[PDB]
Amino acid sequence: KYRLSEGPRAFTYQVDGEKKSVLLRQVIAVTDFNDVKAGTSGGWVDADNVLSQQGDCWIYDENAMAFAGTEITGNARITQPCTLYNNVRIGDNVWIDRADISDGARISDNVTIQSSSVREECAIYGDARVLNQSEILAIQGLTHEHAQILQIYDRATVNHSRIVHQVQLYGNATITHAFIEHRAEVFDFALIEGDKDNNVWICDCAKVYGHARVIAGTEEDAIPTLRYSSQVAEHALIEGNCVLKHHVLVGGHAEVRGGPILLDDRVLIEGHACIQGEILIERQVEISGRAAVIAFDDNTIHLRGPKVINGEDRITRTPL
Amino acid sequence: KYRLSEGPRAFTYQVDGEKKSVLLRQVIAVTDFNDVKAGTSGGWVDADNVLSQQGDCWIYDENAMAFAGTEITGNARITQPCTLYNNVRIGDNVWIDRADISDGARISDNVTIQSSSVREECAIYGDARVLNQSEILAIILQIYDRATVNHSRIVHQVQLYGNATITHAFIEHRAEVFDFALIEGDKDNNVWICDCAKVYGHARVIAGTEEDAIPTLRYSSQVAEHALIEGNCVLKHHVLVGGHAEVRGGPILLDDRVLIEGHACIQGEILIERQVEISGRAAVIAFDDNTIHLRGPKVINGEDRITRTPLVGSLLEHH
Ligand SMILES: [Cs+]
Ligand SMILES: [Cs+]
Ligand SMILES: [Cs+]
Ligand SMILES: [Cs+]
Ligand SMILES: [Cs+]
Ligand SMILES: [Cs+]
């Protein structure tokens, strides 16, 4: 229960290289509902219909804007200067701390968005916490499977990352400093960790999902890059400058790191396989025992294949 | 099945800063057991009693020294120049590449040791993997399962034993890391775990890229469940992080009695000490040169938002 201001006021809100302006009216309480006391003014709404007259949902900051088809229902909270405009949907125990929800975005259950941006039609609904300069942007998605709308929905944690097209985030996944885009998926106790020097690139259809850890290195451009159908699958550990290509899966208690590493065609690392240095594994190779393949430094090992590496195979030089 | 070289020789061997030397005789095959062809010279032993005449165990490098009371048995395999001396034990599927077991070390089962060292009496026995410049130095010390030590130094009585993954860290005292624990140091900053701490859930203590950004665990302190500590973090006394919390920022010091437990988000140069529990959707961020301080007792749970030192209660008045 609140009332709309008597007089409007223009407001500006950034978009794509423009300075749009909208006539909003200030929201003002009337009775005490939750933690808002009767008489205190909150945010400025486009036209009562956005801020449901029911529930506890409320816009606290006197700068916050909600003006397109946006509808804030339930007990959702809007704490600081935010801007949700365009059939935006928020309405449960959702909490927006200082972000911007733009186009057809639906935030639900107990999700949390803080100082981040959610743009188009996507759905964030678990207990997902999207925060710290993150940028969610579900825009394209040509010819594949029907509007597989971009989803983040369980206990997924996105920190300073830019999730794009139709990506899915959902286990107890932890994503930090990375770029996930097309239809990639990360979703169990998966771990994505970039840093101030290198991000993490999960691209096409790739997926990360065991207790898998895809961490970035500190060397220049040490950017773990998952490119196609690839996937890190169990207790696997990928670190540093690596790029897993087409039909590639790393999954066991495998560990990959060090110099320029590339995996292509049909490759599998799955035992206690240890791979370090600049290695170029490319064809139908399998590495999965207690085997180790280590390229010292100015060296470079190149495993073409088909071939198997599983016993205490100690490779430290390219086959010939 | 093998004989001993005829004329002994002298092989020196590094120790605590000395150039000691022992008289040995080369082990030579007299048959075929695994992948050793008859009439091949392996490494050097002190007196047959070290390498077993049974099983498949064999010393493959003509430099490998095994000499005091080192008893190698079963199918043990020792591949590169190795130095096993004192009261060593090696007798199962174990594999030793280019390492040096030094004193009363006991390596069993499938364990692997590569490019590393093991000192005083300890026990390495699951399918544990110790590799790439690691340094085991017990002063009992146990690494036992699918553990993974990478270029790290484990001392005293530390236990490593689940599917735990250790890389570039220093774990000292009676410390323990043992489940799906991830310890990730790096070329600029190690990860230090000392006293009686424990990292044991899906917990993750990563290191920072900034200078001295070293995650340190120093007492009965412990990172548990689905936690994540990163950068310059130091956990003093009775601290218990765990759950879906997340600690990662500038100079962070957790003291007295602290509990980070929900979807906790602590970032920046934060100080939390007396009796505090930060366990809800709670966000505790300090932008930059900024520094937030949370004394305690105080419960920080609900959708609470903290970006400035709380100028009330336990902050402006102790006792
Ligand atoms: Cs990308
Ligand atoms: Cs594809
Ligand atoms: Cs490795
Ligand atoms: Cs230490
Ligand atoms: Cs102690
Ligand atoms: Cs955080």
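Please treat every number below as a calculation from the coordinates, not as lab data. Note that each Cβ is placed from the backbone with ideal geometry, even for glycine, and that neighbours are counted across all protein chains shown.
In table form, for the structure just shown:
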| quantity | calculated |
| --- | --- |
| B:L235 within 12 Å of another protein chain (Cβ to nearest Cβ) and within 28 Å of the chain's Cα centre (by Cα) | no |
| Residue count, the range A:115-129 (criterion: over 12 Å from the mean Cα position of the chain (by Cα) and within 14 Å of chain B (Cβ to nearest Cβ)) | 3 |
| Total residues in the range B:206-223, condition more than 10 Å from chain A (Cβ to nearest Cβ) and assigned to a strand (DSSP E or B) | 4 |
| Unmet requirement for B:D179, which otherwise passes all of (1) under 23 Å from A:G258 (Cβ atoms); (2) in contact with a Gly (Cβ under 7 Å, 6 or more places away or on another chain) | (1) |
| Qualifying strands (runs of 3 or more DSSP E) (wholly inside the range A:1-87; at least 2 residues being touching a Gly at 6+ places or on another chain (Cβ under 7 Å)) | A:19-29 |
| Yes/no for B:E184 being at the interface with chain A (Cβ under 10 Å from one of its Cβ atoms), of a type in the set (D, E, K, R) and under 17 Å from A:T218 (Cβ atoms) | yes |
| B:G268, sole failed condition from (1) within 14 Å of another protein chain (Cβ to nearest Cβ); (2) at negative phi | (2) |
| Given (1) of a type in the set (D, E); (2) within 13 Å of chain B (Cβ to nearest Cβ); (3) surrounded by fewer than 18 Cβ atoms within 10 Å (Cβ to Cβ), number of the condition A:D298 does not satisfy | (2) |
| Residue list for the range A:185-230, filter: buried (at least 19 other Cβ atoms within 10 Å of the Cβ) and within 16 Å of ligand 6 (Cβ to nearest atom) | A:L191, A:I192, A:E193, A:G194, A:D195 |
| Filtered residues of the range B:163-184 (kept if of a type in the set (S, T, N, Q) and surrounded by 21 or more Cβ atoms within 10 Å (Cβ to Cβ)) | B:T165, B:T167 |
| Residue among B:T112, B:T148, B:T165 that is out of contact with any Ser or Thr (no Cβ under 7 Å at 6 or more places or on another chain) and facing another protein chain (nearest Cβ under 10 Å) | B:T112 |
| Test for B:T148: is it more than 16 Å from ligand 1 (Cβ to nearest atom), surrounded by fewer than 20 Cβ atoms within 10 Å (Cβ to Cβ) and closer than 22 Å to A:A212 by Cα | no |
| Yes/no for A:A178 being touching a strand residue (DSSP E or B) at 6+ places or on another chain (Cβ under 6 Å), hydrophobic (A, V, I, L, M, F, W, C) and more than 26 Å from A:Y13 (Cβ to Cβ) | yes |
| Qualifying residue in the range B:274-292 (condition: in a strand (DSSP E or B), of a type in the set (G, A, S), at the interface with another protein chain (Cβ under 10 Å from one of its Cβ atoms) and in contact with a strand residue (DSSP E or B) (Cβ under 7 Å, 6 or more places away or on another chain)) | yes |
| Restricting the range B:151-162 to residues that are surrounded by fewer than 24 Cβ atoms within 10 Å (Cβ to Cβ) and within 14 Å of chain A (Cβ to nearest Cβ), the residue that is nearest to B:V118 (Cα to Cα) | B:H151 |
| Top-ranked residue of the range A:130-139 - restricted to ones that are under 11 Å from the mean Cα position of the chain (by Cα) and away from ligand 1 (no atom under 16 Å from the Cβ), ranked as farthest from B:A283 (Cα to Cα) | A:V130 |
| Residue, surrounded by the most Cβ atoms within 10 Å (Cβ to Cβ), within the range B:267-287, restricted to residues that are hydrophobic (A, V, I, L, M, F, W, C) and more than 12 Å from A:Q114 (Cβ to Cβ) | B:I278 |
| Listing of strands (runs of 3 or more DSSP E) fully contained in the range B:159-205 that carry 2 or more residues being of a type in the set (D, E) | none |
| Residues of the range A:130-145 that turn out to be more than 14 Å from chain B (Cβ to nearest Cβ) and surrounded by fewer than 24 Cβ atoms within 10 Å (Cβ to Cβ), as a count | 9 |
| Enumeration of residues in the range A:241-266 that are within 21 Å of the chain's Cα centre (by Cα) and surrounded by 23 or more Cβ atoms within 10 Å (Cβ to Cβ) | A:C242, A:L244 |
| Positions within the range A:301-310 being surrounded by 14 or more Cβ atoms within 10 Å (Cβ to Cβ) and assigned to a loop (DSSP other than H, G, I, E, B), in sequence order | A:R304, A:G305, A:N310 |
| Hits in the range A:157-179 - residues which are within 13 Å of ligand 6 (Cβ to nearest atom) and among the small types (G, A, S) | A:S161 |
| Test for A:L150: is it within 18 Å of A:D16 (Cα to Cα) and in contact with a strand residue (DSSP E or B) (Cβ under 8 Å, 6 or more places away or on another chain) | no |
